[PDB]
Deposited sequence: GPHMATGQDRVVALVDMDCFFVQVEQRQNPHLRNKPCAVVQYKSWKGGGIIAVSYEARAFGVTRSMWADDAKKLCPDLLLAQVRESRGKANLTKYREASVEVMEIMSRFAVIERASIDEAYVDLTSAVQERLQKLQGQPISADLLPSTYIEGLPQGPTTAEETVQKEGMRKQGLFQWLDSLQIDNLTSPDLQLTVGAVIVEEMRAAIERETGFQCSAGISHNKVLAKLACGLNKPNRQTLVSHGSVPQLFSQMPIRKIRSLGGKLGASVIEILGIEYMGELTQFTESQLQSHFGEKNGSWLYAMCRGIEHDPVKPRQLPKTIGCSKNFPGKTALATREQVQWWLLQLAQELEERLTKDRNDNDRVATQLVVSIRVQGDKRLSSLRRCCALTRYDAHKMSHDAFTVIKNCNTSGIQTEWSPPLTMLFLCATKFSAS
């Protein structure tokens, strides 16, 4: 009753750039704008692997993880942009720099948590309180929410999508109690006003469009962001959760799309998020552990407490390359040359990071995969990172991995290596 916490204490948004790498390439090359187009890495094997797809191309069935030659079967007029190659490998610097552009704009409105190259969570609780004091009990006009959907509305007592969006928004606004400065629904609405402004600023100042979700926590904001893409934002209220979750497959919730979500489905014999409400917190803890169990018990009621961490910068800086099938590295000279190429890219990125961000990495993590292992990493070893020098880092990485070489011969490497990965970690202020 009155003591049952409802998880309505915060306003959290999730902003995700639409088809990011595609948008970066479309800004640079106007010939690609408003076209079916995709971004690929490499080219010789099956035309390269697609990693980003414009919404026009998605209409033809083009998806990430598809080979470009196969995508061209679905969409013969598909336009392609290739990721830059440097030192023999894909180099994603252009997209990391575009990411910094967007995150610096977002940081003007609120503290952000960088969740990925193109997505960030935003804690808007304080900004909403501020705007509410400025509003002085003034109602919120639909004109302030020109790209907002209200999930679950319209309901009750009409043909085109924009008209639907507007009917739902009018139903939502008409039910608002703009008197109460602590009304959670009002707080979410003001949060959506602020996110409209932030998304407008991103587009004005970068050219990039994004989608967003506004709710009371990170998981609901992420789910909301996905409901109306591209170039739109969605408000998921606490009250919308029972209906939304009643037909939501468990795998759609962040963190349940893998083995744990499959175990929830199989152990409990359920399909949808809402079905979780019928179990006690102790029941869920018994099957999934104390942490997961408490998290599921709260999450299926729309409640989640994970804070938006004040972290705009990545925690690690890493360089990785796969050597699939017959390109695997089978000589010591090969392994050394590629460790050196990865280390030269890492040194470049680390030196720029130190100049921009006043910090230095202190640990080097070396990961490899050997032929025949189905795991991502076959072996992971750390060593000290005391100087931003590529020949030093590559020699140190070789020293920490050289014992994996089964070959009695000094020149050969067996079993050959199908992946190398260098990662700088454990940053300290400098």
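Visitor: Where does the model skip over parts of the deposited sequence?
Guide: Unobserved in coordinates, per deposited numbering: 158 to 162, one stretch.
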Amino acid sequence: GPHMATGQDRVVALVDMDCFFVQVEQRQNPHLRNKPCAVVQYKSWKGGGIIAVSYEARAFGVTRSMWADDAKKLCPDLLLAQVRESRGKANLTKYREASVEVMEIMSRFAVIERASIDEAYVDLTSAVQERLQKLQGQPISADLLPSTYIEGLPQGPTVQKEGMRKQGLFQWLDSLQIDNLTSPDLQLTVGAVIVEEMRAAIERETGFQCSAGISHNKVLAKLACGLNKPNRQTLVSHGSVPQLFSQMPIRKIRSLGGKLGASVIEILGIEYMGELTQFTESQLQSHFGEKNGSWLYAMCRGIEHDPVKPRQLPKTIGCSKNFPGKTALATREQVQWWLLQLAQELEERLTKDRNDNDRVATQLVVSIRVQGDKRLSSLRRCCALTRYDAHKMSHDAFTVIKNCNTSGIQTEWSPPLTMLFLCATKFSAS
From here on, numbers count along this sequence of modelled residues.
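In this text, rigid core is short for the largest set of C-alphas that superpose within 1.5 Å between two forms.
Visitor: State which stretch is farther from the displayed form on average in 8 other deposited structures of this protein, 180 to 188 or 164 to 172, counting RMS CA distance after fitting on the rigid core.
Guide: After superposing on the rigid core, the more displaced stretch in 8 other deposited structures of this protein is 180 to 188.
Visitor: Higher mean Cα B-factor in the deposited model: 198 to 206 or 164 to 172?
Guide: Comparing 198 to 206 with 164 to 172, the higher mean C-alpha B-factor belongs to 164 to 172.
Visitor: Regarding 325 to 333 and 270 to 278, which shows the higher C-alpha temperature factor on average in the entry?
Guide: Per the PDB entry, the higher value belongs to 325 to 333.
Visitor: Going by the deposited entry, which of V40, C37, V370, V62 has the highest CA temperature factor?
Guide: Largest recorded C-alpha B-factor: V370.
Visitor: Would you mind checking which of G302, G137, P184, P249 has the top Cα temperature factor in the PDB entry?
Guide: Reading the PDB entry, the winner on C-alpha B-factor is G137.
Visitor: Quick check on the deposited entry: does the C-alpha B-factor of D18 sit in the lowest, middle or highest third of its chain?
Guide: It belongs to the lowest third of the chain when residues are ordered by C-alpha B-factor.
Visitor: Going by the entry, which third of its chain does the Cα temperature factor of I409 land in?
Guide: Highest third.
Visitor: Among all modelled residues of this chain, ranked by Cα B factor, put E85 in the bottom, middle or top third, i.e. lowest, middle or highest.
Guide: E85: CA B-factor falls in the lowest third of its chain.
Visitor: Looking at the C-alpha B-factor of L153, is it in the lowest, middle or highest third of its chain?
Guide: Its C-alpha B-factor belongs to the middle third of this chain's values.
Visitor: Compared with the other modelled residues in the chain, in which third is the CA B-factor of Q129?
Guide: As the PDB entry reports it, the C-alpha B-factor of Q129 lands in the highest third of its chain.
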